[PDB]
>>> print(open('data_8.pdb').read())   # PDB, C-alpha atoms
MODEL        1
ATOM      1  CA  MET P   1      14.996  14.099  -5.372  1.00  0.00           C
ATOM      2  CA  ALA P   2      14.664  16.629  -2.555  1.00  0.00           C
ATOM      3  CA  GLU P   3      11.588  18.128  -4.213  1.00  0.00           C
ATOM      4  CA  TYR P   4       9.830  14.771  -4.516  1.00  0.00           C
ATOM      5  CA  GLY P   5      10.799  13.876  -0.952  1.00  0.00           C
ATOM      6  CA  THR P   6       9.143  17.111   0.161  1.00  0.00           C
ATOM      7  CA  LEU P   7       6.036  16.221  -1.841  1.00  0.00           C
ATOM      8  CA  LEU P   8       5.917  12.820  -0.149  1.00  0.00           C
ATOM      9  CA  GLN P   9       6.456  14.578   3.176  1.00  0.00           C
ATOM     10  CA  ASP P  10       3.408  16.731   2.453  1.00  0.00           C
ATOM     11  CA  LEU P  11       1.403  13.523   2.109  1.00  0.00           C
ATOM     12  CA  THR P  12       2.642  12.240   5.464  1.00  0.00           C
ATOM     13  CA  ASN P  13       1.908  15.620   7.033  1.00  0.00           C
ATOM     14  CA  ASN P  14      -1.772  14.784   6.571  1.00  0.00           C
ATOM     15  CA  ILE P  15      -2.014  11.214   7.857  1.00  0.00           C
ATOM     16  CA  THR P  16      -2.921   9.420  11.082  1.00  0.00           C
ATOM     17  CA  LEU P  17      -0.541   7.503  13.343  1.00  0.00           C
ATOM     18  CA  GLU P  18      -1.892   4.226  11.970  1.00  0.00           C
ATOM     19  CA  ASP P  19      -1.432   5.445   8.399  1.00  0.00           C
ATOM     20  CA  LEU P  20       2.207   6.184   9.214  1.00  0.00           C
ATOM     21  CA  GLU P  21       2.650   2.653  10.553  1.00  0.00           C
ATOM     22  CA  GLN P  22       1.027   1.281   7.399  1.00  0.00           C
ATOM     23  CA  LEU P  23       3.270   3.379   5.159  1.00  0.00           C
ATOM     24  CA  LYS P  24       6.293   2.250   7.165  1.00  0.00           C
ATOM     25  CA  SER P  25       5.268  -1.400   6.871  1.00  0.00           C
ATOM     26  CA  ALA P  26       4.652  -1.051   3.135  1.00  0.00           C
ATOM     27  CA  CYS P  27       8.135   0.380   2.615  1.00  0.00           C
ATOM     28  CA  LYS P  28       9.661  -1.932   5.220  1.00  0.00           C
ATOM     29  CA  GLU P  29       9.381  -4.732   2.664  1.00  0.00           C
ATOM     30  CA  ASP P  30      12.342  -3.234   0.808  1.00  0.00           C
ATOM     31  CA  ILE P  31      13.946  -1.094   3.510  1.00  0.00           C
ATOM     32  CA  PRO P  32      16.554  -2.896   5.609  1.00  0.00           C
ATOM     33  CA  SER P  33      15.260  -3.827   9.059  1.00  0.00           C
ATOM     34  CA  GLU P  34      18.036  -1.737  10.600  1.00  0.00           C
ATOM     35  CA  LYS P  35      16.588   1.319   8.861  1.00  0.00           C
ATOM     36  CA  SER P  36      12.966   0.258   9.314  1.00  0.00           C
ATOM     37  CA  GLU P  37      13.284   1.337  12.947  1.00  0.00           C
ATOM     38  CA  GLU P  38      14.486   4.762  11.818  1.00  0.00           C
ATOM     39  CA  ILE P  39      11.297   5.493   9.881  1.00  0.00           C
ATOM     40  CA  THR P  40       9.555   8.288  11.781  1.00  0.00           C
ATOM     41  CA  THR P  41       8.226  10.484   8.978  1.00  0.00           C
ATOM     42  CA  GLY P  42       7.787  10.873   5.224  1.00  0.00           C
ATOM     43  CA  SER P  43      11.317  11.859   4.225  1.00  0.00           C
ATOM     44  CA  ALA P  44      12.613   9.014   6.389  1.00  0.00           C
ATOM     45  CA  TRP P  45      11.478   5.974   4.411  1.00  0.00           C
ATOM     46  CA  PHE P  46      11.879   8.041   1.250  1.00  0.00           C
ATOM     47  CA  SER P  47      15.608   8.521   1.813  1.00  0.00           C
ATOM     48  CA  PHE P  48      15.872   4.807   2.582  1.00  0.00           C
ATOM     49  CA  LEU P  49      14.103   3.717  -0.601  1.00  0.00           C
ATOM     50  CA  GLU P  50      16.100   6.333  -2.503  1.00  0.00           C
ATOM     51  CA  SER P  51      19.489   5.427  -1.039  1.00  0.00           C
ATOM     52  CA  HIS P  52      18.966   1.699  -1.557  1.00  0.00           C
ATOM     53  CA  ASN P  53      17.428   2.162  -5.002  1.00  0.00           C
ATOM     54  CA  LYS P  54      14.206   0.483  -3.883  1.00  0.00           C
ATOM     55  CA  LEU P  55      11.775   3.318  -4.600  1.00  0.00           C
ATOM     56  CA  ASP P  56       9.536   2.286  -7.493  1.00  0.00           C
ATOM     57  CA  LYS P  57       6.009   2.493  -8.893  1.00  0.00           C
ATOM     58  CA  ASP P  58       4.925  -0.567  -6.916  1.00  0.00           C
ATOM     59  CA  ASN P  59       5.810   1.062  -3.596  1.00  0.00           C
ATOM     60  CA  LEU P  60       4.090   4.257  -4.734  1.00  0.00           C
ATOM     61  CA  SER P  61       0.960   2.273  -5.583  1.00  0.00           C
ATOM     62  CA  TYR P  62       1.106   0.781  -2.093  1.00  0.00           C
ATOM     63  CA  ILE P  63       1.068   4.314  -0.696  1.00  0.00           C
ATOM     64  CA  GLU P  64      -1.952   5.126  -2.856  1.00  0.00           C
ATOM     65  CA  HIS P  65      -3.668   1.903  -1.797  1.00  0.00           C
ATOM     66  CA  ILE P  66      -3.200   2.761   1.877  1.00  0.00           C
ATOM     67  CA  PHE P  67      -4.693   6.216   1.338  1.00  0.00           C
ATOM     68  CA  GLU P  68      -7.532   4.622  -0.624  1.00  0.00           C
ATOM     69  CA  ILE P  69      -8.499   2.199   2.141  1.00  0.00           C
ATOM     70  CA  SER P  70      -8.040   5.025   4.638  1.00  0.00           C
ATOM     71  CA  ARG P  71     -10.693   6.936   2.703  1.00  0.00           C
ATOM     72  CA  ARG P  72      -8.661  10.030   1.839  1.00  0.00           C
ATOM     73  CA  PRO P  73      -9.568  11.274  -1.638  1.00  0.00           C
ATOM     74  CA  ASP P  74      -7.498  14.381  -0.912  1.00  0.00           C
ATOM     75  CA  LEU P  75      -4.320  12.347  -0.447  1.00  0.00           C
ATOM     76  CA  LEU P  76      -5.173  10.169  -3.445  1.00  0.00           C
ATOM     77  CA  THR P  77      -5.319  13.254  -5.660  1.00  0.00           C
ATOM     78  CA  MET P  78      -1.985  14.453  -4.282  1.00  0.00           C
ATOM     79  CA  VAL P  79      -0.315  11.099  -4.933  1.00  0.00           C
ATOM     80  CA  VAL P  80      -1.500  10.995  -8.544  1.00  0.00           C
ATOM     81  CA  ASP P  81      -0.216  14.517  -9.182  1.00  0.00           C
ATOM     82  CA  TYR P  82       3.100  13.660  -7.533  1.00  0.00           C
ATOM     83  CA  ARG P  83       3.417  10.492  -9.612  1.00  0.00           C
ATOM     84  CA  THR P  84       3.332  12.731 -12.681  1.00  0.00           C
ATOM     85  CA  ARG P  85       5.500  15.395 -11.049  1.00  0.00           C
ATOM     86  CA  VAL P  86       8.298  12.936 -10.288  1.00  0.00           C
ATOM     87  CA  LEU P  87       8.346  12.233 -14.022  1.00  0.00           C
ATOM     88  CA  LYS P  88       8.902  15.946 -14.611  1.00  0.00           C
ATOM     89  CA  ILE P  89      11.528  15.966 -11.863  1.00  0.00           C
ATOM     90  CA  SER P  90      13.446  12.986 -13.238  1.00  0.00           C
TER
ENDMDL
END
>>> encode(input="data_8.pdb", output="structure tokens")
Amino acid sequence: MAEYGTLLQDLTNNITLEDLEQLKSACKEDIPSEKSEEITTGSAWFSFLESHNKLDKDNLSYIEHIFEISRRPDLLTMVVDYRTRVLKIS
């Protein structure tokens, strides 16, 4: 899903360095440790969760949670929209 990857990239285009580390760690749970060191941006850990068939609603809710505790209503709105968009994409 190149479109959805781009949408997730747009999220990670508006985060802090700590947020990136949190998103990496959240996805690291499923992403192989060898690839966990290759996570530098949004499309990175996306392609890893996609390739390894690990991407799921739970991981997406972890992304939302991180943005919630980071106090970013803007990102939260984006995530929700993208969670419905990916359903239109699939």
>>> resolve_selection(input="data_8.pdb", expression="the PyMOL selection byres ((chain P and resi 40) around 12)", output="ChimeraX atom specification")
/P:9,12-13,17,19-25,35-39,41-48
>>> resolve_selection(input="data_8.pdb", expression="the PyMOL selection byres ((chain P and resi 59) around 10)", output="PyMOL selection string")
chain P and resi 23+26-27+29-30+49+54-58+60-65
>>> residues_around(input="data_8.pdb", residues="residue 11 of chain P", least_positions_apart="4", cutoff="8 Å", atoms="only C-alpha atoms", output="list in words")
residues 7, 15, 42, 75, 78 and 79 of chain P
>>> atom_distance(input="data_8.pdb", atom1="atom CA of residue 90 of chain P", atom2="atom CA of residue 77 of chain P")
20.2 Å
>>> residues_around(input="data_8.pdb", residues="residue 4 of chain P", least_positions_apart="2", cutoff="8 Å", atoms="all atoms listed in the file", output="compact mmCIF listing (two decimals) with C-alpha atoms, keeping the file's coordinate frame")
# COMPACT_ATOMS: atom_id res chain seq x y z
CA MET P 1 15.00 14.10 -5.37
CA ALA P 2 14.66 16.63 -2.56
CA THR P 6 9.14 17.11 0.16
CA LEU P 7 6.04 16.22 -1.84
CA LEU P 8 5.92 12.82 -0.15
CA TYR P 82 3.10 13.66 -7.53
CA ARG P 85 5.50 15.40 -11.05
CA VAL P 86 8.30 12.94 -10.29
CA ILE P 89 11.53 15.97 -11.86
>>> atom_distance(input="data_8.pdb", atom1="atom CA of residue 52 of chain P", atom2="atom CA of residue 31 of chain P")
7.7 Å
>>> atom_distance(input="data_8.pdb", atom1="atom CA of residue 50 of chain P", atom2="atom CA of residue 76 of chain P")
21.6 Å
>>> closest_residue(input="data_8.pdb", among="P:53, P:14, P:88, P:3", to="residue 67 of chain P", atoms="all atoms listed in the file")
P:14
>>> axis_aligned_box(input="data_8.pdb", around="segment 22-26 of chain P", padding_each_side="3 Å", output="lines of an AutoDock Vina configuration file")
center_x = 3.7
center_y = 1.0
center_z = 5.3
size_x = 11.3
size_y = 10.8
size_z = 10.3
>>> build_atoms(input="data_8.pdb", residues="segment 12-27 of chain P", atoms="N, CA, C and O atoms", output="mmCIF file, in the frame of the given file")
data_model
loop_
_atom_site.group_PDB
_atom_site.id
_atom_site.type_symbol
_atom_site.label_atom_id
_atom_site.label_comp_id
_atom_site.auth_asym_id
_atom_site.auth_seq_id
_atom_site.Cartn_x
_atom_site.Cartn_y
_atom_site.Cartn_z
ATOM 1 N N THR P 12 2.539 12.825 4.133
ATOM 2 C CA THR P 12 2.642 12.240 5.464
ATOM 3 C C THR P 12 2.442 13.295 6.545
ATOM 4 O O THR P 12 2.427 12.982 7.735
ATOM 5 N N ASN P 13 2.290 14.545 6.123
ATOM 6 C CA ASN P 13 1.908 15.620 7.033
ATOM 7 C C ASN P 13 0.401 15.645 7.253
ATOM 8 O O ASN P 13 -0.102 16.398 8.087
ATOM 9 N N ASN P 14 -0.316 14.817 6.500
ATOM 10 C CA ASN P 14 -1.772 14.784 6.571
ATOM 11 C C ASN P 14 -2.282 13.358 6.735
ATOM 12 O O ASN P 14 -3.256 12.959 6.096
ATOM 13 N N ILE P 15 -1.620 12.593 7.596
ATOM 14 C CA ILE P 15 -2.014 11.214 7.857
ATOM 15 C C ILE P 15 -2.172 10.958 9.350
ATOM 16 O O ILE P 15 -1.732 11.759 10.175
ATOM 17 N N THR P 16 -2.804 9.840 9.691
ATOM 18 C CA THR P 16 -2.921 9.420 11.082
ATOM 19 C C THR P 16 -1.719 8.589 11.510
ATOM 20 O O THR P 16 -0.881 8.222 10.686
ATOM 21 N N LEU P 17 -1.639 8.297 12.803
ATOM 22 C CA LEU P 17 -0.541 7.503 13.343
ATOM 23 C C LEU P 17 -0.549 6.091 12.770
ATOM 24 O O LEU P 17 0.506 5.508 12.518
ATOM 25 N N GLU P 18 -1.744 5.547 12.567
ATOM 26 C CA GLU P 18 -1.892 4.226 11.970
ATOM 27 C C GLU P 18 -1.463 4.230 10.508
ATOM 28 O O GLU P 18 -0.806 3.299 10.041
ATOM 29 N N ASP P 19 -1.838 5.283 9.789
ATOM 30 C CA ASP P 19 -1.432 5.445 8.399
ATOM 31 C C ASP P 19 0.085 5.457 8.266
ATOM 32 O O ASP P 19 0.643 4.856 7.347
ATOM 33 N N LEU P 20 0.750 6.144 9.189
ATOM 34 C CA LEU P 20 2.207 6.184 9.214
ATOM 35 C C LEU P 20 2.793 4.789 9.393
ATOM 36 O O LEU P 20 3.757 4.419 8.723
ATOM 37 N N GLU P 21 2.204 4.018 10.302
ATOM 38 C CA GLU P 21 2.650 2.653 10.553
ATOM 39 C C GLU P 21 2.423 1.768 9.333
ATOM 40 O O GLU P 21 3.217 0.871 9.050
ATOM 41 N N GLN P 22 1.337 2.025 8.615
ATOM 42 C CA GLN P 22 1.027 1.281 7.399
ATOM 43 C C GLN P 22 1.996 1.631 6.277
ATOM 44 O O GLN P 22 2.455 0.755 5.545
ATOM 45 N N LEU P 23 2.301 2.917 6.147
ATOM 46 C CA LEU P 23 3.270 3.379 5.159
ATOM 47 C C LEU P 23 4.661 2.834 5.456
ATOM 48 O O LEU P 23 5.380 2.416 4.549
ATOM 49 N N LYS P 24 5.034 2.843 6.731
ATOM 50 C CA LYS P 24 6.293 2.250 7.165
ATOM 51 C C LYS P 24 6.363 0.773 6.794
ATOM 52 O O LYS P 24 7.348 0.314 6.216
ATOM 53 N N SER P 25 5.311 0.034 7.130
ATOM 54 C CA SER P 25 5.268 -1.400 6.871
ATOM 55 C C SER P 25 5.349 -1.693 5.378
ATOM 56 O O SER P 25 6.024 -2.631 4.954
ATOM 57 N N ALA P 26 4.654 -0.885 4.584
ATOM 58 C CA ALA P 26 4.652 -1.051 3.135
ATOM 59 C C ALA P 26 6.050 -0.876 2.558
ATOM 60 O O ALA P 26 6.458 -1.610 1.659
ATOM 61 N N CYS P 27 6.781 0.103 3.080
ATOM 62 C CA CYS P 27 8.135 0.380 2.615
ATOM 63 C C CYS P 27 9.148 -0.532 3.295
ATOM 64 O O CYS P 27 10.241 -0.757 2.776
#
